[PDB]
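Respectively, the protein sequence lines represent chains B and A. For the first sequence, the deposited numbering assigns the number 4 to the initial residue and increments by one for each residue that follows. For the second sequence, the deposited numbering assigns the number 4 to the initial residue and increments by one for each residue that follows.
There are 2 protein chains.
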Amino acid sequence: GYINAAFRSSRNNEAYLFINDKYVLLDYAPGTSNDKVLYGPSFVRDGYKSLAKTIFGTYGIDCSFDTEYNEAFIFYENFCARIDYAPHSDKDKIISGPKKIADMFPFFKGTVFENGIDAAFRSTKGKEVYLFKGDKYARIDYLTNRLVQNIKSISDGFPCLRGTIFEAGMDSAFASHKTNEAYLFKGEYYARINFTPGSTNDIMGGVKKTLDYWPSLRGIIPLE
Amino acid sequence: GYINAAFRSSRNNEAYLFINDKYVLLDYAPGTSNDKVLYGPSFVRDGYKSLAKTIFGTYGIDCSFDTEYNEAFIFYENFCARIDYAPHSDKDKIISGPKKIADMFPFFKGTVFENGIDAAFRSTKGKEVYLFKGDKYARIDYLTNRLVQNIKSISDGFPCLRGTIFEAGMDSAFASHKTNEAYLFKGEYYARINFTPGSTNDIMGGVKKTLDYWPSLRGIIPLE
Ligand SMILES: [Mg+2]
Ligand SMILES: [Mg+2]
Numbered sequence: 004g005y006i007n008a009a010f011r012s013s014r015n016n017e018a019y020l021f022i023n024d025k026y027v028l029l030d031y032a033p034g035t036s037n038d039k040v041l042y043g044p045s046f047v048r049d050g051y052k053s054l055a056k057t058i059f060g061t062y063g064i065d066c067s068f069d070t071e072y073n074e075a076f077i078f079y080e081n082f083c084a085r086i087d088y089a090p091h092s093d094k095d096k097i098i099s100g101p102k103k104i105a106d107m108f109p110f111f112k113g114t115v116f117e118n119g120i121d122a123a124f125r126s127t128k129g130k131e132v133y134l135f136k137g138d139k140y141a142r143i144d145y146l147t148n149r150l151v152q153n154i155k156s157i158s159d160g161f162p163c164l165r166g167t168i169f170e171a172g173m174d175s176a177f178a179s180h181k182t183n184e185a186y187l188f189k190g191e192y193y194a195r196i197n198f199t200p201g202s203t204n205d206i207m208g209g210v211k212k213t214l215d216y217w218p219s220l221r222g223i224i225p226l227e
Numbered sequence: 004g005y006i007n008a009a010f011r012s013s014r015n016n017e018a019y020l021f022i023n024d025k026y027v028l029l030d031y032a033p034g035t036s037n038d039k040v041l042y043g044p045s046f047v048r049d050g051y052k053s054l055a056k057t058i059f060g061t062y063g064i065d066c067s068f069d070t071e072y073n074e075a076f077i078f079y080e081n082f083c084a085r086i087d088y089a090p091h092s093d094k095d096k097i098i099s100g101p102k103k104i105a106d107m108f109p110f111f112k113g114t115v116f117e118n119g120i121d122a123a124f125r126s127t128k129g130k131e132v133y134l135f136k137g138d139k140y141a142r143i144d145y146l147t148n149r150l151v152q153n154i155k156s157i158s159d160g161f162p163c164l165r166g167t168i169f170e171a172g173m174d175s176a177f178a179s180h181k182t183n184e185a186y187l188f189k190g191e192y193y194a195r196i197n198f199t200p201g202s203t204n205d206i207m208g209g210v211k212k213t214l215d216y217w218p219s220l221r222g223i224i225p226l227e
């Protein structure tokens, strides 16, 4: 019962985390340890009315990423959708979907990503997004719907992850408001990283226990 | 693009059939020539406002069956839902779901129905329903949620189909208003049969070209 998906909000220093069929709105305070729950833990179906009579409302979200504006892609196994999350408001809507990952992102056809994606996060470069499944990762442009480069092993693109738990996969992720920094999650552990679009660079440097640094999540994970 | 699902309507001699992501309402006039179309072909997402933003609105219904009153279960791959189709009106709604077949019908877990059901039809006996997948068939009770008997080959429970093309599978089916008669479909063919609960019987003779006997379906199937 750990974090399965997330995406950073348009509101500064804010992110949405998904656990089982629920979610929380956090002030994650990247340059601090005083992160706090702004909303939730709440059922996706209650907080997101537009998702209530859909599989996402029933089972939750297992992968996601923010695009731009108040929009983001959400996934649940084979299926995905593009929604307006309408932060600190009540007007969430579905824009595209629910449809299979293969119809939303054709280029994923025949790939390991077709039946589900483990995690993803918004890049700083153009409309680029990094996505992960197993020990593999993809780099796409969601605006033009293109695979920017070949699918590679995670370590090919993020070398600093070699030897760590993130080497073989990642349960969840989201991009920070601090430029070129992102957060990864797996088991009871998490990482904060500084990535470089198109380049191979390696930091940051303390795979940390999640609850020791995120106090706003005490009693929210594990959720079983 | 042939019929992939159907269910009997509470309204006399009326049945809904699903083709691709569309559907048609029909007076199928069992023992008469005035076999005609009442509504559609129309997109599911259009005819059913309650399904506009669901996977069913996107891909259609691949299997279903009426239960009691104005309700029916509809499926799409491993997912399903119980809806109130509100015959001849605007007021349709999702009653339960959508959830996985495994979660709506726990007894299907581990069986070949878990990830999808080909077709089904309501029995006249109690709250029982027959469902088909491949060359196997199931007999269940949807109120008490149980398999009434071990799943077995279609020919074992429906001997009259041995030899016929339905021996190995059914694209679709629905029960007739005339007692113990059901309609089965596969490709350009169909068959009207007389079944008897708790027994193994023939019959009704004549696997026929569907368009040959359903004047109202010309122009509708095959849907291309
Ligand atoms: Mg995940
Ligand atoms: Mg079917």
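Cβ coordinates follow ideal geometry from the N, Cα and C atoms, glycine included.
- Residue-level contact check: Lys56 (chain A) touches chain B, since one or more beta carbons of chain B fall below 7 Å from its beta carbon.
- For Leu226 (chain B), the number of other beta carbons within 10 angstroms of its own is below 16, and it is reported as exposed.
- Relative to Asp205 (chain B), the option among B:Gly160, B:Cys83 and B:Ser53 whose CA is nearest is B:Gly160.
- Beta bridge pairing from DSSP links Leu29 (chain A) with A:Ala18 and A:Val40.
- DSSP places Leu134 (chain B) in the uninterrupted beta strand (DSSP E) bounded by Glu131 to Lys136.
- Relative to ligand 2, the beta carbon of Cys66 (chain A) is positioned inside 6 Å of a heavy atom.
- Between ligand 1 and the CB of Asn7 (chain B), the shortest heavy atom gap is smaller than 6 Å.
- With respect to the C-alpha of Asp49 (chain B), the residue from B:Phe108, B:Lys94 and B:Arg14 having the closest C-alpha is B:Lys94.
- Between the stretch 147-154 of chain A and the stretch 80-99 of chain A there are fewer than three inter-stretch CB-CB distances shorter than 8 Å, so the stretches are not counted as touching.
- Just so you know, the alpha carbons of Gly4 (chain B) and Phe198 (chain B) end up roughly 28 Å apart.
- The stretch 172-181 of chain B makes contact with the stretch 127-140 of chain B: 3 or more CB pairs, one atom from each, lie closer than 8 Å.
- DSSP places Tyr62 (chain A) within a helical segment (H, G or I) once states are collapsed to three.
- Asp65 (chain B) places its beta carbon less than 7 Å from that of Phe78 (chain B).
- Shown here for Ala55 (chain B): same chain residues with a beta carbon closer than 6 Å to its own, the five before and five after excluded, namely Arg48 in chain order.
- Relative to the Cα of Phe21 (chain A), the nearest Cα in the group A:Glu184, A:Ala185 and A:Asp174 belongs to A:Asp174.
- For the stretch 98-121 of chain B, residues whose beta-carbon sits nearer than 9 Å to a beta-carbon of chain A comprise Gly100, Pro101, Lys102, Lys103 and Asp106.
- In this structure, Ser219 (chain B) sits near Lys39 (chain B), with a CB-CB distance shorter than 7 Å.
- By the neighbour-count definition (other C-beta atoms within 10 Å, threshold 16), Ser53 (chain B) is a buried residue.
- Ranked by how close their Cα comes to the Cα of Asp87 (chain B), the residues B:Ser67, B:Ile104, B:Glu80 and B:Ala105 have B:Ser67 in first place.
- Residue burial annotation: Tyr145 (chain B) is buried, with at least 16 other C-beta atoms found within 10 angstroms of its C-beta.
- If you check the C-beta of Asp49 (chain B) against ligand 1, you find no heavy atom less than 6 Å away.
- Sixteen is the threshold: since fewer than 16 other Cβ atoms of the shown chains lie within 10 Å of the Cβ of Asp215 (chain A), the residue is exposed.
- Annotation: Cβ neighbours of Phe82 (chain B) in chain A (cutoff 7 Å, chain order): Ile58.
- For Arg11 (chain B), the secondary structure class from DSSP, reduced to helix, strand or coil, is strand.
- Straight-line spacing of the CA atoms in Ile58 (chain B) and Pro101 (chain A) works out to 6 Å.
- Straight through space, the alpha carbons of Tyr192 (chain A) and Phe108 (chain A) are spaced by roughly 30 Å.
- In this model, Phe76 (chain B) and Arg142 (chain B) are separated by some 15 Å (Cα to Cα).
- If you look at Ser99 (chain A), you'll find it in the beta strand (DSSP E) that goes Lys96 to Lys103.
- Membership of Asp159 (chain A) in the alpha helix (DSSP H) is indicated by the continuous run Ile157 to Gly160.
- The beta carbons of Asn81 (chain B) and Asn118 (chain B) sit about 5 Å from each other, so the pair counts as a contact at 8 Å.
- Residue contact check for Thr213 (chain B) against chain A: no CB pair falls below 7 Å.
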